[PDB]
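Chemist: After the structure tokens below, expect a handful of questions from me.
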Amino acid sequence: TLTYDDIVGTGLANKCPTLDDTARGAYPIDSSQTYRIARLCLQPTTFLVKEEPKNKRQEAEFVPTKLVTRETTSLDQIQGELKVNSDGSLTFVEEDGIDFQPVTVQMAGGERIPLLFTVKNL
Amino acid sequence: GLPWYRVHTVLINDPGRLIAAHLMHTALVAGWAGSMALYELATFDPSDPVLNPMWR
Ligand code: CLA
Ligand code: CLA
Ligand code: CLA
Ligand code: CLA
Ligand SMILES: CCCCCCCCCCCCCCCC(=O)OC[C@H](CO[C@@H]1O[C@H](CS(=O)(=O)O)[C@@H](O)[C@H](O)[C@H]1O)OC(=O)CCCCCCCCCCCCCCC
Ligand SMILES: CCCCCCCCCCCCCCCC(=O)OC[C@H](COP(=O)(O)OC[C@@H](O)CO)OC(=O)CCCCCCCCCCCCCCC
Ligand SMILES: CC1=C(/C=C/C(C)=C/C=C/C(C)=C/C=C/C=C(C)/C=C/C=C(C)/C=C/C2=C(C)CCCC2(C)C)C(C)(C)CCC1
Ligand SMILES: CC1=C(/C=C/C(C)=C/C=C/C(C)=C/C=C\C=C(C)\C=C\C=C(C)\C=C\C2=C(C)CCCC2(C)C)C(C)(C)CCC1
Numbered sequence: 004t005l006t007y008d009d010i011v012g013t014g015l016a017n018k019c020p021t022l023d024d025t026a027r028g029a030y031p032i033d034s035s036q037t038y039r040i041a042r043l044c045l046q047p048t049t050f051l052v053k054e055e056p057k058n059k060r061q062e063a064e065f066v067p068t069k070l071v072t073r074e075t076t077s078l079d080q081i082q083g084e085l086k087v088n089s090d091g092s093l094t095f096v097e098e099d100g101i102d103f104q105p106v107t108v109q110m111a112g113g114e115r116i117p118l119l120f121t122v123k124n125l
Numbered sequence: 002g003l004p005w006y007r008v009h010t011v012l013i014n015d016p017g018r019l020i021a022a023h024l025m026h027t028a029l030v031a032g033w034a035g036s037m038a039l040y041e042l043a044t045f046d047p048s049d050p051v052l053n054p055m056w057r
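Chains o and B, in that order, are what the protein sequence lines are. Using the entry's author numbering, read the first sequence as starting at 4 and increasing by one per residue. Using the entry's author numbering, read the second sequence as starting at 2 and increasing by one per residue.
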């Protein structure tokens with residue numbers, strides 16, 4: 004088990020926990036029980052921006068960008084209710100957490116695209 | 002003395018200073034190439050190769 008001092012400055016704090024390859028199981032849902040997500044974590048690996056179409060009005064594509072705001076991008080410690088619905092579907096209702104990060108990515112040619120990467124009120 | 006249009010004839014029997022002058026000329030030309038490339042990069046819009054290419 005790792006401490007703050009093991010992790011601090013390594014970049015691991017911006018990484019979501021992972022599971023090993025053996026974890027291909029199934030988590031039973033009891034429609035009589037109440038559920039919650041205690042921790043939801045989102046770790047972006049790629050930011051794509053839709054190019055502003057020349058004026059040909061064809062399919063404008065999402066193009067790669069370079070992250071310039073460093074390892075400050077992940078959403079974490081997000082919690083919320085996990086409703087079991089009549090039809091057996093599950094609905095996560097986000098209540099709180101670190102559910103946003105400002106992010107600046109840089110386009111080819113230099114254009115910087117700030118965005119509020121978020122799942123607020125998910 | 003030398004007329005103005007003959008000032009460089011002093012290099013004719015001076016291979017070392019002729020080499021110096023050629024070096025200076027080459028330096029000027031290469032400096033031109035660099036600065037020209039820089040100005041074009043400072044002005045070129047790469048956003049539309051179809052209807053706004055470099056030759057436009
Ligand atoms: C390739 C360029 C080049 C080279 C290698 C030389 C080399 C030589 N010239 Mg020069 N010369 C040049 C161009 C060049 N000349 C030009 C264009 C002129 C007309 C102005 C002259 C006029 C000239 C004279 C009258 C004489 C020489 C002489 C000589 C020799 C001694 C150096 C000297 O006195 O400089 C003098 C030359 C200069 C200082 C060049 C003028 C600088 C101009 C204005 C550009 C400066 C760049 C500037 C920072 C950019 C401005 C940007 C603008 C948009 C505001 C030497 C062998 C002498 C010589 O030995 O004669 C016996 C001599 O008496 N040259
Ligand atoms: C490789 C190219 C080259 C070279 C090395 C020379 C070398 C020489 N020529 Mg020139 N010459 C050339 C091409 C060349 N010539 C061409 C193409 C022409 C026809 C236009 C001439 C016509 C010519 C004449 C009529 C004469 C020479 C003479 C001279 C000598 C003295 C130059 C001098 O002192 O000027 C000093 C020059 C200045 C102080 C200022 C000149 C300013 C010019 C006119 C305007 C600005 C030019 C700009 C800076 C250059 C931009 C670069 C360009 C390529 C785009 C010298 C040995 C003279 C000679 O033999 O002496 C006995 C002479 O009488 N040449
Ligand atoms: C070893 C054989 C040799 C070689 C390889 C060269 C090579 C060349 N000669 Mg040179 N030359 C030689 C023998 C040689 N020469 C001899 C025996 C004579 C009679 C004395 C001359 C007289 C001569 C004259 C009069 C002139 C040349 C010029 C040139 C150059 C024109 C191309 C240029 O400038 O590109 C652009 C340059 C580069 C892309 C950079 C090249 C990197 C250099 C070679 C490294 C410099 C460090 C090196 C240890 C010191 C100089 C090496 C020297 C042997 C050239 C070029 C470097 C002309 C010149 O020098 O123009 C400026 C010129 O005017 N040569
Ligand atoms: C292979 C291509 C080439 C060639 C053959 C030359 C040849 C030469 N260059 Mg040039 N040069 C070149 C490419 C070339 N250059 C490039 C790509 C650049 C970067 C822009 C330069 C920049 C350059 C500079 C900055 C200078 C030269 C000069 C010279 C001359 C030095 C020898 C001399 O004493 O002439 C004596 C001069 C002449 C024989 C007159 C040449 C007249 C030209 C061909 C046309 C002039 C146009 C017009 C009358 C004036 C310009 C318009 C004005 C509004 C600016 C010579 C004619 C030097 C020189 O001219 O010093 C006096 C000089 O100062 N060159
Ligand atoms: C709008 C304007 C603003 C621009 C200003 C920027 C430059 C300012 C400097 C100009 C003043 C020059 C003073 C002269 C010095 C001198 O002593 O001359 C004599 C010197 C040798 O020293 C000398 O040599 C002499 C004999 S001899 O020449 O060696 O034969 C001897 O008299 C003496 O003892 C000895 O010291 O040799 C020369 O003849 C060179 C003089 C020519 C200098 C002008 C060229 C400027 C353009 C350069 C641009 C570079 C382009 C980029 C490419 C890489
Ligand atoms: C990009 C960087 C650029 C910097 C370079 C700077 C450019 C410098 C240009 C120098 C050119 C100066 C001209 C020399 C002018 C000058 O000195 O001429 C007089 C000169 C006489 O020279 P001599 O052999 O007699 O020797 C006397 C010495 O003192 C000269 O150095 O003859 C020549 O130079 C030949 C060219 C004749 C030019 C005659 C044209 C004038 C007639 C009138 C035309 C206009 C009216 C027409 C009406 C229709
Ligand atoms: C030294 C030092 C340094 C730096 C250098 C530099 C800073 C650079 C440069 C270069 C440059 C930045 C300069 C230049 C070039 C320019 C020129 C040379 C041009 C010319 C012009 C012409 C010639 C034109 C004429 C005419 C007119 C003007 C218009 C119309 C017509 C015509 C075109 C004819 C380094 C770090 C490297 C290191 C080593 C040492
Ligand atoms: C050894 C060392 C050093 C030396 C220095 C050096 C070596 C520098 C050189 C100087 C020089 C060598 C200068 C350069 C340059 C340039 C000029 C000053 C001119 C120009 C340009 C222009 C004016 C622009 C124009 C352009 C064109 C050409 C094209 C495009 C457009 C444009 C307009 C951009 C010292 C002393 C510090 C001290 C210590 C030791």
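All C-beta atoms in this analysis are idealised placements derived from N, C-alpha and C, irrespective of residue type, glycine included.
Could you check how far apart the C-beta atoms of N17/o and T68/o are, in whole angstroms? I think they sit under 8 angstroms.
Modeler: Between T68/o and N17/o the Cβ distance is about 18 angstroms, and since that is not below 8 angstroms, they are no contact.
Chemist: Verify whether the separation of the beta carbon atoms of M110/o and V52/o is less than 8 angstroms.
Modeler: yes
Chemist: Since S48/B contacts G112/o with CB under 8 angstroms, what's their CB separation in whole angstroms?
Modeler: 7 angstroms
Chemist: If contact means a Cβ-Cβ distance below 9 angstroms, which residues of the stretch 103-115 of chain o contact chain B?
Modeler: Against chain B - using a Cβ distance shorter than 9 angstroms - the residues of the stretch 103-115 of chain o are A111, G112.
Chemist: Can the beta-carbon of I81/o be found closer than 8 angstroms to that of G100/o?
Modeler: The Cβ-Cβ distance between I81/o and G100/o falls below 8 angstroms.
Chemist: Taking 7 angstroms as the line, does the beta carbon of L12/B fall inside it for any heavy atom of ligand 5?
Modeler: Judged by the Cβ position, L12/B fails to qualify as a neighbour of ligand 5 at the 7 angstroms threshold, every heavy atom of the ligand being at least this far.
Chemist: In the DSSP output, what is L118/o paired with across the bridge?
Modeler: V106/o
Chemist: Which of helix, strand or coil does DSSP assign to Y30/o?
Modeler: For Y30/o, the three-state secondary structure derived from DSSP is coil.
Chemist: Say whether the stretch 12-25 of chain B touches the stretch 15-35 of chain o, bearing in mind that this needs 3 or more beta-carbon pairs closer than 8 angstroms, one atom from each stretch.
Modeler: Result no; under three Cβ-Cβ pairs closer than 8 angstroms.
Chemist: Run the CB neighbour count on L15/o, radius 10 Å, all protein chains shown included, and call it buried at 16 or more, exposed below.
Modeler: exposed
Chemist: Counting Cβ pairs, one atom from each stretch, are 3 or more of them under 8 angstroms apart for the stretch 26-40 of chain o and the stretch 78-98 of chain o?
Modeler: yes
Chemist: Would you mind working out which of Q61/o, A41/o, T94/o, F50/o sits nearest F120/o, comparing C-alpha positions?
Modeler: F50/o
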